[PDB]
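Visitor: Dropping the structure in here first, questions after.
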Amino acid sequence: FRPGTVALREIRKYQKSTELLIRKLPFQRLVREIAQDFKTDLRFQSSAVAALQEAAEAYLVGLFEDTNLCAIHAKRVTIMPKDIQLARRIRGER
Amino acid sequence: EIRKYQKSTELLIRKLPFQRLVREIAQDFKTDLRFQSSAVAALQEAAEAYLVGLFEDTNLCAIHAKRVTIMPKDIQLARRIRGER
Amino acid sequence: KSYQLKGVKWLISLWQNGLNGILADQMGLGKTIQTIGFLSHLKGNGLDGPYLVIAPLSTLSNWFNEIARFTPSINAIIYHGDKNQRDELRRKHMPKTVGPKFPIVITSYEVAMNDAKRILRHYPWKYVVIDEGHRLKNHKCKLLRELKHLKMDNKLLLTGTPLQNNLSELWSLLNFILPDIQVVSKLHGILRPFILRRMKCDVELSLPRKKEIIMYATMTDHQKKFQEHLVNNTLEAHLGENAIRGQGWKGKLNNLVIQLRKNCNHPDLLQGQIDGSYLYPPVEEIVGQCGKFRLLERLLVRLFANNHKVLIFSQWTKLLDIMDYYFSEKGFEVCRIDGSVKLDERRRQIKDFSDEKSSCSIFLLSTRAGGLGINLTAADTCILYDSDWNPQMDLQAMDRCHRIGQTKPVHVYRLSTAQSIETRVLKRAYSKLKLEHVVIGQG
Amino acid sequence: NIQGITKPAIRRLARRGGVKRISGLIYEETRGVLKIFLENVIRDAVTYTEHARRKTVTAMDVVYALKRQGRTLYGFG
Amino acid sequence: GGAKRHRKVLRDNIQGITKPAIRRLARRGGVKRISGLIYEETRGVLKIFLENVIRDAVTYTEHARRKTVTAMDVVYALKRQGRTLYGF
Amino acid sequence: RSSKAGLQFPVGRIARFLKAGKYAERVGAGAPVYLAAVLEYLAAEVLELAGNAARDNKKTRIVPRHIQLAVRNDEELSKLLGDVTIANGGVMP
Amino acid sequence: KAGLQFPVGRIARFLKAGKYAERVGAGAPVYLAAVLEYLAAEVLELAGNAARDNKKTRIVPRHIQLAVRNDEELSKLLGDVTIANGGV
Amino acid sequence: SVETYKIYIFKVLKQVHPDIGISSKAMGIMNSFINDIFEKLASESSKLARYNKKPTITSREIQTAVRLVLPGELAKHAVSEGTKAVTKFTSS
Amino acid sequence: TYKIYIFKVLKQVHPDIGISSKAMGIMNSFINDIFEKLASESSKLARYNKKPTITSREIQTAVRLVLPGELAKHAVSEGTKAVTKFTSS
DNA sequence: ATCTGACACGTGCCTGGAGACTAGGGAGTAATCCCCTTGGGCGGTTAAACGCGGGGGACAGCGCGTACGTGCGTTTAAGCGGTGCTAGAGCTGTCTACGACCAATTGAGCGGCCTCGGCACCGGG
DNA sequence: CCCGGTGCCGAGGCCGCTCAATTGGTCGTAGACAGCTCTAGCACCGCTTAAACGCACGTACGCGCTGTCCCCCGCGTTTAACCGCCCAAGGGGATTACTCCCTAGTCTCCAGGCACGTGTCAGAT
Ligand SMILES: Nc1ncnc2c1ncn2[C@@H]1O[C@H](COP(=O)(O)OP(=O)(O)O)[C@@H](O)[C@H]1O
């Protein structure tokens, strides 16, 4: 096809689905690594990591919508790092 | 003029206009009501602070689009990614 | 083949009373003819019936080839793979109509388990035959749950090692073979009717005998220091004092047994895992820092005095790696096949190791790997650098080199360390061999 | 009474924030965003007041409302 | 061949979030084209979020004398941060 | 008591919770009734909107995807769940 | 009482009043006093230091604001404070 | 062993939409939404009690707490549903 | 209220400075607000664990869950020292 | 140099400190048993890595014109000061009608057990 | 994009039983409310002067248009790692239900601090 038409295909299917992205095993490795720092030998139930993953994905999707707004404000379509850095500054996040 | 008001701690709106607005917008919630002369002061301090922040984020939003003149699109982009409305 | 004729006499009998049997003839008799001989014997009355035979993959090639060779013709088909299995499903023959061409159905444990739905529809299966009974030694295994959905009017189990771990594996199987099902004699009353284990006794003196000897080693000072720091704690500090490349590391929640077994194997495993140690112990002498390593080295120098090729086994793959590092520094040429290496890659390595001219005498070889049916005979000596916690793995590994084609007499060197969990494990594996040895008494 | 927030004042506030040059349609927008804010805080204040059987918006009513909305206000009471 | 000094190192756990997965999360947010320096930026903002939540969960746990972070410890951390999760 | 009023939610169970939740020393008699009557109203609204959602997708049962959608659609119920993240609920086009 | 300047007794009383819970331990009043004291000390230090820059011999609302704004921790605890009679 | 409003959330549904099923993991959200709205209101009304220095959470308090949590027109129609009920309970 | 103590803390840290009247107000407000936050958190923590006592442990978790960052890591040390001195003596 | 603040001080009355009970939740222990590490086996199979065009979009430069800032002279109307008036905030004292509590009573709703219709996955279209 | 037809499994169903919600007297206390004092909020006047307003004028910035070239996307092919199911044995770790003792609230007396009322003083306004 012509570049950009299969991309609008993907922004429709995924907005309609409710199936989670991010493989389950890598996220669970990351959380644990981030944890050993706080309490040595802390164990996570499975439901906990599940919840954490759900929340994270939502956070990132929201950030991604506001970083698209910011980019459009500058008369572009490509979202660049500056946009994220602008979005977070307006939301207060560290 | 940027430098001057960045060193001062004085009030920037006049007094009585702020009083009237606050009395009217109350009227549409409960008829007849009084207001201690300290309440209208708190309400002014807070409002003035709020507007300064909005303006500081709108300036950021304009520097993004490579301008230096502020425009109504900016206030709106600020207030939307703030969550205000 | 008199025994195998008594092997077909007893499965024609089982067919008669209706009961259900677990032929347990020893490994080496063939383990292949007996099974197809019974399938071909059912030609009387009609071989044209539902028939199913689940087994690993390699078993399948051999089975098919034999059905082709010992007997002239038996509609046979290997239902291996997925999606490509859908076409041969119908190309084979009619759906349920069992003509004299309804081809024998040969599947694998995955296929059987993953898509039982397809085969669930078929008629009460005349005889489902499961090659390796040990697969079902757990009564909560998902294969067992999916294996009950099949409507089976008869069952059969092939094995050579009925019990390995304890009696509960005998219990779970007995539910499978017979749902209905001093004291030693009382057990032999229940089991005499079904079990038919013909030892390697009718055929004996087949190969030169072997010697299995345990040569202990004395835990060195440094390992003792590590062990005491593990019996209490601080082994995550005596190695974490440097605090570089990885800080606030996890606790060795490792069951004491296996964190102290890892020590008794080689302390580097802990040190590497603890500190950054971007580089291996380059001392190439610190590797000496393990007593069991030093006893291996001297043994090997005395066994190069003759050059007869050795075999090395281990439980993990980090430890074989340390060994390889050590020897490769000195310069020895090594070949290695663990589970990480690929299949066709490992098959050519053997084809080269099997090359007598080539001087890659050393051969690193993990324990649980190798599947079944490899042919390693160019070597003569096996060194079990670790223990098992299940002696039937040790017997298999020893037999892999103790198989046909070994003219030179074989030794076995089960290394170990005194005053530690290695000696504990040896006692455990010994009592498991004894659990199976008194069972061999029944016959 | 919202035209009493006159053009020079908005400009002064804007130079506190950092703005450099003001457009000309910026004023009506400012006058709207002030009104919304003032309308929320005052509603909450009048609620708190009535709850105490009074007729006088008073000390700690406004402060409490402003806190309620993420804006702690020290002093003024 | 026996590796020399080099042992058997492994890839970091953050690099586990593959570029394909960031793209999929972006397209669900409505984005059209994505730059290339975006990926190394998303990773940091994920890390910060997670670090604030896990810290609160590990606190709420210890107070119960326990050593396992349940799902109710996570739900409380999120509620302290403004995000409320229904369904656990 | 639930019966004396037209409420369908349980007045007694709410009263007990309020009294046993250390919310205050002495709960009155009307407080359990009022709370029940507000909670019932709120639920009815959400459920009524979610139900209108499903028929559209041509299904006769509600799933989290429906409640999310309904909430996102309406303004007031959104100002209320301004941060809530329903599980397995997707996002609005 | 025994160790600090703040009124361990009064803090305890305030905990008894307000009905924060049924029973208050013995250490609970003591700990809170110390934390509040530390927090006040930090703020009073930066402000005076702020006043040591302006050279003003008297701490005024402006200094407190400036100090809170600068330091990276207090700016986080004190997120949106609007000190009365202060400025940016 | 686990108290829940599931029984009552399915009675209101029937009353509003007569012929529609509910499904599971779907009333796992509706129950949570009720528990949370209860909590908020009660806590507000306690703070509203401790503030007004009274030891009793009465109806007046629950009402001023509703007016401050439930946002917008919901309030009005909730307040009504609720008051209606208190007068009704009164003449029993 | 806390005037004397805030006047005392100042004399110790900056021996020669004074403080205006509006400043004292801000300071007292700050102290009171921290107090309230800390205590409310502690009460909630208690309730979630079905406990009728607000012990020290809850004063510490509360300080960790609300004081942001290293600012807390110190406050915890300061409080532990003072409860230890009081208990031993 | 002075006036808007800023600094002593007092009484007293009101609240912290101390001494003690009966109470009574919390620290201690034993138990059962069930989900949770760490290191390896084999077989699936779908997602992720890589390489290569090619085209679209980011970016820089240039030019016109229009809307913003500055300046100066009118004209509002805010700020201050002072006077008068009364609504209503704040507090006190009486007296009950309302909530806690206990006990007797028992039907509503709750854990585990039925079944069958609607709704996901396909190949076929 | 329709279309059957498929199963085929969870959405409704029922059912004793336990405990939790009613209903009735005392039971005391928490509530309303009636009345009085006096603060402070509102209305209005007159005068000064500072901030707002209107209009003219110049020019800096915003926006459209153009051209170059970087780098992102889509596709095909090869890689890889998530995902499943299995070892054995450890051995732990939570939840529940077990039990005794030392501290909470409770009194009760009695100490001596902090709150509203006053004199000083000194800065920076
Ligand atoms: N002890 C024995 N006596 C006689 N024949 C034997 C014996 N052991 C094995 N065999 C031979 O084994 C053959 C069947 O096994 P086959 O499938 O050919 O090979 P494998 O033994 O490798 O499985 C028979 O033809 C039989 O002659």
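Counting starts with 1 at the first residue shown.
Looking at the header, which is where the method is noted, we find electron microscopy, 3.6 Å.
Here the Cβ of each residue, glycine as well, is placed from N, Cα and C on the backbone.
The ATP binding site annotation in Swiss-Prot covers C:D25, C:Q26, C:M27, C:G28, C:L29, C:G30, C:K31, C:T32 and is backed by sequence analysis. Summarising the annotation, Swiss-Prot assigns domain 'Helicase ATP-binding' to C:12-180 and lists sequence analysis as the type of evidence. According to Swiss-Prot, the feature motif 'DEAH box' maps to C:131-134. Residues or ranges marked as motif 'Nuclear localization signal 2' in Swiss-Prot: C:196-203.
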Visitor: If we skip the immediate neighbours and take only residues 6+ beyond the ends of the motif 'DEAH box' (C:131-134), which ones have a Cβ under 8 Å from one of its Cβ atoms?
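Guide: Contacts with the motif 'DEAH box' (C:131-134): 22, 35, 53-56, 59, 157-159, 161-162, 164, 169, 173.
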Visitor: Around the ATP site recorded as C:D25, C:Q26, C:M27, C:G28, C:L29, C:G30, C:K31, C:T32, what other same-chain residues have a C-beta within 8 angstroms of the site's C-beta center?
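Guide: Counting only non-site residues, the set is C:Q34, C:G160.
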Visitor: Restricting to the chain of C:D25 (ATP binding site) and a gap of 6 or more, list residues whose Cβ falls under 8 Å of its Cβ, or answer none.
Guide: C:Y3, C:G7, C:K31, C:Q34, C:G160, C:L196, C:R197, C:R198
Visitor: So 31 residues are not built between C:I181 and C:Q182. What's the Cα distance between them in Å?
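Guide: Cα separation at the break: 20 Å.
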Visitor: Provide the three-state secondary structure of C:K31 (ATP binding site) computed with DSSP.
Guide: coil
Visitor: Out of C:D25, C:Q26, C:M27, C:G28, C:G30, C:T32, which binding-site residues have CB atoms lying under 6 Å from ligand 1?
Guide: C:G30, C:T32
Visitor: Using Cβ-Cβ distances, find the residues under 8 Å from C:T32 (ATP binding site) that belong to the same chain and are at least 6 apart in sequence, listing them in sequence order.
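Guide: Set apart from C:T32 (ATP binding site) by at least 6 residues yet with Cβ under 8 Å, we have C:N62, C:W63, C:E66.
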Visitor: Where DSSP helix means H, G or I and strand means E or B, what are the helix, strand and coil counts for the motif 'Nuclear localization signal 2' (C:196-203)?
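Guide: Reading the DSSP string over the motif 'Nuclear localization signal 2' (C:196-203) gives 0 helix, 0 strand, 8 coil.
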Visitor: Sort out the sequence-distant neighbours of C:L29 (ATP binding site) for me: same chain, 6+ apart, CB within less than 8 Å of its CB, listed by position.
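Guide: In sequence order, C:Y3, C:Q4, C:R198, C:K200, C:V203 meet the Cβ cut-off.
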